[PDB]
There are 2 protein chains.
Amino acid sequence: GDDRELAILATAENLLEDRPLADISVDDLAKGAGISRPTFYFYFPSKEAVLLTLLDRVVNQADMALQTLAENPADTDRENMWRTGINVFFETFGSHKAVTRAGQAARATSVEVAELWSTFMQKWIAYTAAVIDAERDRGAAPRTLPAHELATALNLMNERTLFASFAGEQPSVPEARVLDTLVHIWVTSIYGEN
Amino acid sequence: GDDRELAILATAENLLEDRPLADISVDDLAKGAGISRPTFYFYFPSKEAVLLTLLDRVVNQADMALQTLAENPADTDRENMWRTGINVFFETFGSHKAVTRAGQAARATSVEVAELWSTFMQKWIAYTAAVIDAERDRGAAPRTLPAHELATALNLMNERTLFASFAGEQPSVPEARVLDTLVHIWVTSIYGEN
Ligand SMILES: Cc1ccc(-n2nc3ccc(NC(=O)COc4ccccc4C)cc3n2)cc1
Ligand SMILES: Cc1ccc(-n2nc3ccc(NC(=O)COc4ccccc4C)cc3n2)cc1
């Protein structure tokens, strides 16, 4: 039941490591999961619905990890505080590069994927802005850009830059250098008076 | 001859305003250009080759404008200097949103589009890094991140953030606010000691 479902999901994750969703059939997923094709269809209406589940699970994992960090004060300087938050995404999405990458490609063709991504990006930007505003309220950060516009561009930079690194794009920051790169830009732009 | 070609190109640009390349046929392009379908094929081998030409023209327009700025010293402060350079992209790509957007969608399916984009991104990042290094050499900017890794993330942020704004994505910075947003992040991260 649920473990034929977890098997379709594990199969899809495993196959997405080697080729795109376009190069994977429902039959590929069925065979890997040790089930027939009509049995696959009891669990998922399509291969696109398989990706959506996987992406949904990854995005919620990142989100829960961010909630956990938030509910636990966390004892260090401002630069390290930002580093820890960015690290959630670096580690969560870096542990699921194939799914995370397939989600981006699916955004153009799947309104549900686009909607799911858009929902979490809004949540993450809103929370980023709320922290910047808190930092501004305690007098730790100057009131420069609107917090929400600042949060939007910084989260969009991370989306694109971690994606480039994880996909091995030309150009891209080496994955062993990208965390430090993003933390620098976030801290100087959030605390920089100019 | 060349003006049947400019007509196929103008037609493609005009139609890409209303729908994606997937929703446009060679016949659509032929009819708009006032030529038959086999005549289209004398000018371009495909509709994908039409997009490549358009994108190539836009990317070279941005590049030439950046070269022009570079060869002309340009008389103002550092913040305004960065603003002028970012403005090249804001204005060039903002004057060609449909082509510029279709190029991004094509990167996944067209190795020539991916290669063209990748080439210019490398050039633009290299030039960004050379300016940061010059700024560092005159003692105007601190030696923080490697200049090339800094330039990479900043150009990737602009790519993604101007794209989001021009495509009206949720989320996105309003197009009337995005220039100021990006200039802030570039100037604070390039000049910020922390
Ligand atoms: C292949 C791929 C790789 C990475 C992404 N991606 N999408 C992202 C969206 C937001 C994001 N955000 C961050 O890294 C930092 O977010 C923080 C930090 C501190 C407090 C709050 C937040 C949201 C990283 C992201 N990375 C998307 C696709
Ligand atoms: C739809 C769409 C919209 C915009 C882009 N895009 N791609 C970009 C790549 C680089 C880029 N760069 C900049 O804005 C700033 O670049 C500077 C500034 C000063 C000196 C040198 C450079 C390269 C903007 C870009 N915008 C791509 C697609």
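Indexing begins at 1, ligand by ligand and atom by atom, following the structure's order. The basis for the numbers below is simple: all heavy atoms, side chains too, and nothing from hydrogens, waters or symmetry mates. Chain letters run A, B, ... following the sequence lines, proteins first and then strands; every chain starts at 1.
- Judged by the shortest distance from any of its heavy atoms, B/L66 lies inside the 4.0 Å radius around the atoms of ligand 2.
- At under 3.5 Å, a nitrogen or oxygen of B/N158, whether backbone or side chain, sits near a nitrogen or oxygen of ligand 2.
- With contacts defined as side-chain heavy-atom distances shorter than 4.5 Å, the pair B/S189/A/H184 qualifies.
- Taking the charged nitrogens against the carboxylate oxygens, B/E135 and B/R143 have no contact shorter than 4.0 Å, which rules out a salt bridge.
- Checking only distances, A/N155 does come within under 3.5 Å of ligand 1, N or O to N or O.
- Under a 4.0 Å criterion applied to the non-hydrogen atoms of B/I86, ligand 2 contributes the atoms 14 (O), 15 (C), 18 (C).
- A side-chain donor from one of A/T128 and A/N155 sits under 3.5 Å from a side-chain acceptor of the other.
- Of all the heavy atoms of B/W82, the ones lying under 4.0 Å from any atom of ligand 2 belong exclusively to the side chain.
- No side-chain heavy atom of B/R4 sits under 4.5 Å from any side-chain heavy atom of B/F40.
- Among A/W117, A/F89, A/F166, the residue whose heavy atom sits closest to atom 27 (C) of ligand 1 is A/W117.
- Only the side chain of B/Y127 comes within contact range of ligand 2, with a heavy atom under 4.0 Å; no backbone atom does.
- Taking atom 26 (N) of ligand 1 as the reference point, the nearest protein heavy-atom neighbour is A/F93 CD1, 3.5 Å.
- At a heavy-atom cutoff of 4.0 Å, ligand 1 is contacted by the side chain of A/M121 but not by its backbone.
- Between the CD1 atom of A/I86 and the CG atom of A/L154 there is a distance of 8.0 Å, given to the nearest 0.5 Å.
- Closest to atom 2 (C) of ligand 1, if we only count protein heavy atoms, is A/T100 CG2, 3.4 Å.
- Ring orientation note: the planes of A/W124 and A/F89 are nearly perpendicular, at an angle over 60° on the 30°/60° scale.
- Because its NZ or CZ atom is both nearer than 6.0 Å to the ring centre of B/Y191 and within 45° of the ring axis, B/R78 counts as a cation-pi partner of that residue.
- Under 4.0 Å is where a charged nitrogen must lie from a carboxylate oxygen, and between A/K47 and A/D27 no such pair does.
- Ligand 2 lies less than 4.0 angstrom from a heavy atom belonging to B/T128.
- Contact between A/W186 and ligand 1 is present, with at least one heavy atom of the residue lying under 4.0 Å from the ligand.
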